[PDB]
RNA sequence: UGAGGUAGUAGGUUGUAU
DNA sequence: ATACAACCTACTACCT
Ligand SMILES: [Mg+2]
């Protein structure tokens, strides 16, 4: 006998100032906010990879359908959506020979092979960036499936064919940060899933019914990396800054340390959205402790406030901090020693470790998305993942898990916090889907941290997201 | 001044909706049979009246489905007659959108006409349409995407919204209805190393500084601790549990949080002992323990006609639940569902990878109703009376076998 | 590593008080 | 260094 409140689905804004609930429908209807003239693409890989990428680029121009056009909207083609040309005629190839991959891939040490392959790719990319006249917006790296299989941290090479992190993606994106090259990594089995079949004569990955969804996600990621704005939030307040704090364990360092990384979300004076990472991962040397020291917390808050002031010109009225952990007294005391008296500091803990599953008794479908169970004035549950009436299906697979949102520190209306989190679940530029589960601040801070802790050290890293996602 | 779009109704709907909404957003009056959610009595007569009296252009969606469709052909003939009447050569503008239809297999009605190619690119085709409309002086208004958004909301989304309706959900929380009157700290001093095993005793007991936090009587431990036969009841600290749950205890003897944690530990230990007493099989996870049943222990594995044990491909799958106890926000027992696999009826698989793969394979086709029914069936199986089930704590703890129901004021229409 | 979701497996920390 | 609860990350495998 308890009451669940409902939070209306937030609306995102598109071209012509038109609001919509679905990113795909809004893009196919009105278009992106930006005006890109075209995407000039550089391709790195074998000749087979270049052929696969050319075939996919020619395929993506034509409309692509899903099995059901209500559950999954169909792709009407790249130029029919984004109003810009992304063709195979603007491709700037850079060949990586198969013997080059064979020389480095087959090694007893996984670290050495990962370093060698990453160096082989990035050296060509950097040389083409510096010593060529052609302009490249995004560099597409068509990695063969063997590299992906054998370059994971826990991968073991069978004896039949026999610092930095032993991961191809993280090391590749971390060693390319000093040059600010937005790059997109594809696997050959992704763009040509038909040709990679198992012993049963069927493709290992089946994209027959979700081809349009794959095209949507790939096109949105490529458009965002080239410098486009697909959509933005529409129903958020003014004078409020959203933060995020994610801790990642650093393994390259001899002493285990915890690096805290942030993502900052707010609005500018031109009604646009400013969403970029707050970086320089602040280090806690004590293993197993996920709380910042007072000086690190002071530096973090000072940097965030300085960025906000330099962007707008006035200190934020409110600052919301989202984290998967719980702030202690020292962290918050350090935080209050820097923020001005006019600024309100709220520290919210968002977790997904509370197993409260709600089962609907009148069908085979799950609980509606957006339903919230307010435990008290400082604790509530939110169903960010669940049945969505628009797509006539649920974002989960069996039964969704709830997001336990608790206002750890400060004073705020928990209804407003739930509204903010549900709105932030609509800003994932890495994919073209409906709203996701995690807030975008936490997810993108995690994405940044996964890369900034995959190298020994790095100078002041870029704030832009196209260099990480 | 209208623009008529003729198409196969259920087959060419995606392109027709796209083009109609794009043209509406650009300032054109578009007449399409999908832009009307409610259809009137007079359809064909109204269609002919629209073609003869209203439209200034006739866009035909030329595809494989629309090649020899009776309605499309009838509209084509009426449009040809209208074009002859108005002495306009370019009244009918076909749109080639299907790659399966060759340019030599188009019907007689449009075999002589200059078409617009949408096969390679929809954007190029739309640009061609707009250029032709501008060149031929087709009437239009000022561009306004708000009209397109409004039409999309009205027609293509009216049956896909949230309706206000009472809904009842069943959770996985079993509220603890009755609690023991009080908690006892038994200061037994040494008591022969105070039963060093601790966790192996019949009754749930934990070791404090020099005390023993229990809910049962002191003599109950005489079976495992003979010395406690001479233990005196005078060394007992009584503490009121109902007052503890309200956060009333203070002072330096013990903290309220410590009391709540100790109560949680006692409840979890008691639950483990009761489940061990219920003759059920146990599986050790990475951080918890789950309880499952065997092949033929139920007749016939259809408790309340819900099924608990089944046959996937070559192994027998058994339902399971794992439990804990929490005081946040109110005293509840919190259980979670799991699926385990055995090679035979009474066996187990030591390979964790195959267990994970089989669990993921089976989770794909179960859904909320089967999940809830199996959870409720297991809970009812563990029940001991009409509307509860008890666990040993003389003293005992009763937990309801009916999960707490939540109520919402919004829902959907399946 | 197109992207989410759901699970499983390891490890560590914290006020305790043996 | 044991037991416990209460919070934390890293790393896979599978479905769509
Ligand atoms: Mg990406």
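Residue numbers (our numbering), protein chains in the order written: chain A, -5 to 463; chain B, 23 to 436.
All C-beta atoms, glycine included, are put in the ideal place defined by N, C-alpha and C.
- For ligand 1, a non-hydrogen atom lies closer than 7 Å to the CB of residue 424 of chain A.
- 8 Å or more divides the Cβ of residue 20 of chain A from the Cβ of residue 33 of chain A.
- Here residue 397 of chain B is not near residue 344 of chain B, since their CB atoms are 8 Å or more apart.
- The straight-line gap separating the alpha-carbon atoms of residue 331 of chain A and residue 314 of chain A is approximately 16 Å.
- By the Cβ neighbour-count rule, residue 296 of chain B is buried, with 16 or more other Cβ atoms within 10 Å of its own.
- Rounded to whole angstroms, the separation of the alpha carbons of residue 319 of chain A and residue 200 of chain B is 34 Å.
- One finds 428, 429, 430, 431 in chain B with Cβ atoms closer than 9 Å to the Cβ of residue -3 of chain A, taken in chain order.
- Taking the C-beta atoms as reference points, residue 157 of chain A is found nearer than 8 Å to residue 449 of chain A.
- In this structure, DSSP gives residue 14 of chain A an extended state, which the three-state scheme calls strand.
- Scanning its chain for C-beta atoms nearer than 7 Å, with the 5 sequence neighbours on each side dropped, one finds around residue 147 of chain B the residues 117, 138, 139, 140, in chain order.
- Relative to ligand 1, residue 165 of chain B has its C-beta separated by 7 Å or more from all heavy atoms.
- Distances from the alpha-carbon of residue -1 of chain A to those of B:162, B:188, B:111 put B:188 closest.
- Between residue 417 of chain B and residue 238 of chain B, the gap from beta carbon to beta carbon is short of 8 Å.
- In this structure the segment 100 to 116 of chain A lies against the segment 149 to 163 of chain A, because at least three pairs of beta carbons, one per stretch, are closer than 8 Å.
- In this chain, the beta strand (DSSP E) harbouring residue 359 of chain B covers 354 to 364.
- Rounded to whole angstroms, residue 220 of chain B and residue 379 of chain A show a C-alpha spacing of 43 Å.
- Spatial neighbours of residue 67 of chain A in its own chain (CB-CB distance under 8 Å, excluding positions within 5 residues in sequence) are listed in chain order as 16, 18, 19, 22, 60, 206, 210.
- For residue 375 of chain A, the enclosing beta strand (DSSP E) has its first and last residue at 373 to 376.
- Taking non-hydrogen atoms of ligand 1 into account, the C-beta of residue 366 of chain A is found less than 7 Å away from none of them.
- Using a CB distance cut-off of 8 Å, residue 423 of chain B does not count as an interface residue toward chain A.
- In the three-state reduction of the DSSP assignment, residue 139 of chain B falls in the strand class, which pools E and B.
- Secondary structure at residue 59 of chain A: coil, using DSSP grouped into helix, strand and coil.
- With respect to residue 229 of chain B, residue 216 of chain B sits close: the two C-beta atoms are nearer than 8 Å.
- Shown here, residue 321 of chain A sits in coil according to DSSP, grouped into three states, outside any helix or strand.
- Per DSSP, residue 408 of chain A is not a residue of any beta strand (DSSP E); the alpha helix (DSSP H) it occupies stretches across 408 to 418.
- Among the bridge pairs identified by DSSP, residue 381 of chain A is matched with A:362, A:388.
- One finds nothing in chain A with a Cβ atom closer than 9 Å to the Cβ of residue 315 of chain B; even the nearest lies about 21 Å away.
- With contacts defined by Cβ atoms closer than 8 Å, residue 87 of chain A and residue 137 of chain A do not form a contacting pair.
- Taking a Cβ-Cβ cut-off of 7 Å, the neighbours of residue 381 of chain A in chain B comprise 434, given in sequence order.
- When only Cα atoms are considered, residue 89 of chain B and residue 97 of chain B end up about 12 Å apart.
- Within chain A, the residues placing a beta-carbon under 9 Å from that of residue 356 of chain B are 348, 349, 350, ordered along the chain.
- Residues of chain A whose Cβ lies closer than 8 Å to the Cβ of residue 142 of chain B are, in chain order, 55, 56.
- If you ignore the 5 residues before and after residue 78 of chain A, its C-beta comes within less than 7 Å of the C-beta of 30, 31, 32, 33, all in its own chain and listed in chain order.
- Just measuring C-alpha positions, the residue of A:192, A:403, A:351 sitting nearest residue 194 of chain B is A:351.
- Of the residues B:282, B:329, B:79, the one whose Cα lies closest to the Cα of residue 109 of chain B is B:79.
- At the C-beta level, residue 178 of chain B and residue 119 of chain B stay beyond 8 Å of one another.
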